[PDB]
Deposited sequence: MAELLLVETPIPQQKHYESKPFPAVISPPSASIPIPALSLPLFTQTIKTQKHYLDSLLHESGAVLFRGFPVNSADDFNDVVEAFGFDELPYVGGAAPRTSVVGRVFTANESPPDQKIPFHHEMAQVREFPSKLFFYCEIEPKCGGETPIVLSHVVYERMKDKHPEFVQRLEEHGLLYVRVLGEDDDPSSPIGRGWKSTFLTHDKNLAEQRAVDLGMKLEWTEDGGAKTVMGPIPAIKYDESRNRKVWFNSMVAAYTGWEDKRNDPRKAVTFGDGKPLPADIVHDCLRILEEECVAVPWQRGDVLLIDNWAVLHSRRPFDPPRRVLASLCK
């Protein structure tokens, strides 16, 4: 079976490279034939992900969570062991899971997966088992592009970011708020109900957990870098949750404006942060999901998000070490 590089309307190109790269089928197709081609074309696929940063596989027989798991298995990347610092996860089969995000009417900001975690995924997979009735795409953007445009537009700001970095403040409830963009409580965050084991697992993850009165918790993280270096592609990337926090960490316990600051406490310039948001939207690519679609994302080069949608919609995921 052949893996054909196919053009789609939404994709962009950077230095002659498509973003995202799109592979489609040209013996009747079957899941085993696909997973077999994946193993056979390992090198080709590694080079494609290396050049593009994300690869969308469209037109293949991935009709269930089990099929998706088999495809993830064919790529052979080591699975990311679950710890904490993420959201209420629900394992479906094997390395595949469903995480409960914010409501369909909301817009999930751009971010790198588990960006504030020490051992974050190098790669992730997204699978559409049930396409959204309307909207619900998973827009993606090249992190190094965002950095380059930011350094070009706001050299001083970028310069200050690499000197002082960023500081993150996030208040947590005891339980999980299904209605919040950042509704995970400290119980689910640290997979514990004991404050001792929590405050410890918290300090380990590199946090300053101070128990709140209403049984919640106020977490503070940083200073930590805002810019990182992709060793495999020799370039710097916008690896931070600045825009995500500044515009999305909003609920009864969190004021977005105070959710993230420069590493030295100094506030961020509202106009520059929103200018960054503008760059993310302009450079992003929002491919409408089709049932069977499997998207492979290199977490070092891409930030993802989610658009509002009308149910039904079901996108499963898988994280790689």
>> No C-alpha coordinates means not modelled. Give me those stretches of the deposited sequence in order.
In response: 1-3, 30-35
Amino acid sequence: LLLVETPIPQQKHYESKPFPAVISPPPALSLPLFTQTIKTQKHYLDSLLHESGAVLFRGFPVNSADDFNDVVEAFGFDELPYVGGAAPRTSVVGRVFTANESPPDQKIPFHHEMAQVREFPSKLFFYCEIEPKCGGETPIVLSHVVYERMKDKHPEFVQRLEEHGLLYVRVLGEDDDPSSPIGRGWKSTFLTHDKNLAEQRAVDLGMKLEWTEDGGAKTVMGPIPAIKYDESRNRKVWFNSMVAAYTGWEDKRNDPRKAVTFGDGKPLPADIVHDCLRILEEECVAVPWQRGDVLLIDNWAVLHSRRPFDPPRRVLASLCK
From here on, numbers count along this sequence of modelled residues.
>> Can you tell me whether 154-162 has a higher mean C-alpha B factor than 99-107 in this record, or the other way round?
In response: 99-107
> Of 240-248 and 213-221, which one has the bigger average CA B-factor?
Replying inline: 213-221
> Checking the entry, which one of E137, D175, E129, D230 has the top C-alpha B factor?
Replying inline: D175
>> Given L2, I8, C320, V315, identify the residue with the highest C-alpha B factor in the PDB entry.
In response: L2
>> Going by the CA temperature factor in the PDB record, which third of the chain does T35 belong to: lowest, middle or highest?
In response: highest
> Lowest, middle or highest third: where is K123 by C-alpha B factor in its chain?
Replying inline: middle
> Based on the entry's values, in what third of the chain does the Cα temperature factor of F309 lie: lowest, middle or highest?
Replying inline: middle
>> Can you tell me whether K266 has a C-alpha B-factor in the lowest, middle or highest third compared with the other modelled residues of the same chain?
In response: highest
> When the modelled residues of the chain are sorted by Cα temperature factor, does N234 land in the lowest, middle or highest third?
Replying inline: middle
